[PDB]
Structure formats: structure tokens, C-alpha cells
K.L.:
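Sharing a structure below in C-alpha cells format, with a few things to ask.
Side chains included, hydrogens not; waters and symmetry mates left out as well; all remaining heavy atoms used. Every chain is numbered from 1 and lettered A, B, ... according to where its sequence line falls, protein lines coming before strand lines.
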Amino acid sequence: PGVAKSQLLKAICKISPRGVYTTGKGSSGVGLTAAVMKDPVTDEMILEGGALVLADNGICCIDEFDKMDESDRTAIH
DNA sequence: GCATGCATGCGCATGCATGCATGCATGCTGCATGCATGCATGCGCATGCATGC
Ligand SMILES: Nc1ncnc2c1ncn2[C@@H]1O[C@H](COP(=O)(O)OP(=O)(O)O)[C@@H](O)[C@H]1O
Ligand SMILES: [Mg+2]
């Protein structure tokens, strides 16, 4: 504890053009991969992207890696 | 001075601008029906955690 790892993650997420900062249990399930929603404007079925889909061609920053679910860890794998 | 015809009012008859109610029918309109739609609900099942042993 207290060696400034999280500050480094915050900094590296501020320097990258595309980069997302997420914490262990606050981003679980469809908040990582994708979700099914209906588009209000075009009346079509879309897929909403999660953190991993927002950081495509970028850097993803995950904090408290040891606390995540097994399902979330499979996706990272 | 007498005889005459015209213009002046009476004394009929008819038409005519105003005005208002009634029965029938027009013309709209408020009501009842049917339906599409999208959000919420009440539910049973699968996963991840906490509490023993
Ligand atoms: N080497 C360091 N240099 C500067 N600040 C540090 C250093 N180590 C820790 N800190 C400070 O101490 C705190 C550590 O918080 P954090 O980044 O969450 O540490 P950790 O990731 O280990 O939990 C922050 O305020 C950070 O600025
Ligand atoms: Mg930390």
C-alpha cells in the first residue's frame, strides 16, 4: 500500500488519446463487454460498448485487479 | 243672367313593405369503439459470496 500505483494509472489514462480508467467491482458484467439496447433515433437494435470497447486502439487501466469476478477475468484473458 | 266643362275633395277596394312563429330537414359534432404502442411488473433461475465443519 501507498506506493502510488493508482496515480500512475490515472496519469497514463490522461496522456493517452483513447484511455479508460475503471475499478474492480464498480465495472462488472455488461459494463465491460457490451449490451443490447434499442436506438431512439433510428429505431434499430444496437450494441452499446463497455470500457473495453471504448478503449479500442488505446490503453485500458484496471484498478484492484485481484477483486474482479471470474467472468470478468475470462474476458481480459 | 243662364248653361257648361274643369279641377277640387269624398268614398270605395286592392295591393304592398314589415315582421314573427312553427314544422320539417339539414349539417355538424360529441361519444363510444377498437387498436398500436412502449414501459413497468412480478417472477423463477443461475451465479457469487458469507458462514460454518
Ligand atoms: N513515491 C511517491 N511519490 C509521491 N507520492 C506518493 C508516493 N507514494 C505514495 N504517494 C502518495 O500516497 C498516496 C498513495 O495512494 P495510492 O496511489 O492509492 O497508493 P496505492 O496504489 O499503493 O494504494 C497518494 O496520495 C500518492 O500521491
Ligand atoms: Mg491503490
K.L.:
What is the distance, to the nearest angstrom, from the CD atom on A:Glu70 to the P atom on B:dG48?
P.N.:
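After rounding, the gap between these two atoms is 6 Å.
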K.L.:
Could you say whether A:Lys25 or A:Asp43 is positioned toward the 5' end of DNA chain B, judged by the nucleotide with the nearest heavy atom to each?
P.N.:
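Upstream on the strand: A:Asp43.
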K.L.:
Please report the distance, rounded to the nearest Å, between CZ in A:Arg73 and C1' in B:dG48.
P.N.:
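So the CZ-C1' distance, A:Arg73 to B:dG48, works out to 12 Å.
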K.L.:
Ignoring backbone atoms, establish whether A:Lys67 has a side-chain N or O less than 4.0 Å from OP1 or OP2 of B:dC49.
P.N.:
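For B:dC49, OP1/OP2 do not have a side-chain N/O of A:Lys67 under 4.0 Å.
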K.L.:
May I ask you to check whether over 12 heavy atoms, not counting those of A:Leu52, lie within 6.0 Å of atom CG?
P.N.:
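Enclosed: over 12 neighbouring heavy atoms sit under 6.0 Å from CG of A:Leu52.
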K.L.:
Measure from NZ on A:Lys38 to P on B:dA40 and round the result to the nearest Å.
P.N.:
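So the NZ-P distance, A:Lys38 to B:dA40, works out to 15 Å.
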K.L.:
Looking only at side chains, do A:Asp63 and A:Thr23 share a donor and an acceptor under 3.5 Å apart?
P.N.:
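No, no side-chain donor-acceptor contact under 3.5 Å.
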K.L.:
Starting from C1' on B:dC39, measure out to CE on A:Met37 and report it in whole angstrom.
P.N.:
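These atoms are roughly 15 Å apart.
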K.L.:
Could you tell me if the side chain of A:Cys61 sits less than 4.5 Å from the side chain of A:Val20, heavy atoms only?
P.N.:
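No. Closest side-chain heavy atoms not under 4.5 Å.
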K.L.:
Is there a side-chain polar atom (N or O) of A:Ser71 under 4.0 Å from OP1 or OP2 of B:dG48?
P.N.:
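A:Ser71 to B:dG48 OP1/OP2: side-chain N or O found under 4.0 Å.
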K.L.:
Give the rounded distance in Å between these two atoms: CG of A:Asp69 and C1' of B:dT47.
P.N.:
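These atoms are roughly 9 Å apart.
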K.L.:
Taking C-beta and beyond as the side chain, do A:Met68 and A:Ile76 meet within less than 4.5 Å on heavy atoms?
P.N.:
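Of all side-chain heavy-atom pairs linking A:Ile76 with A:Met68, at least one is under 4.5 Å.
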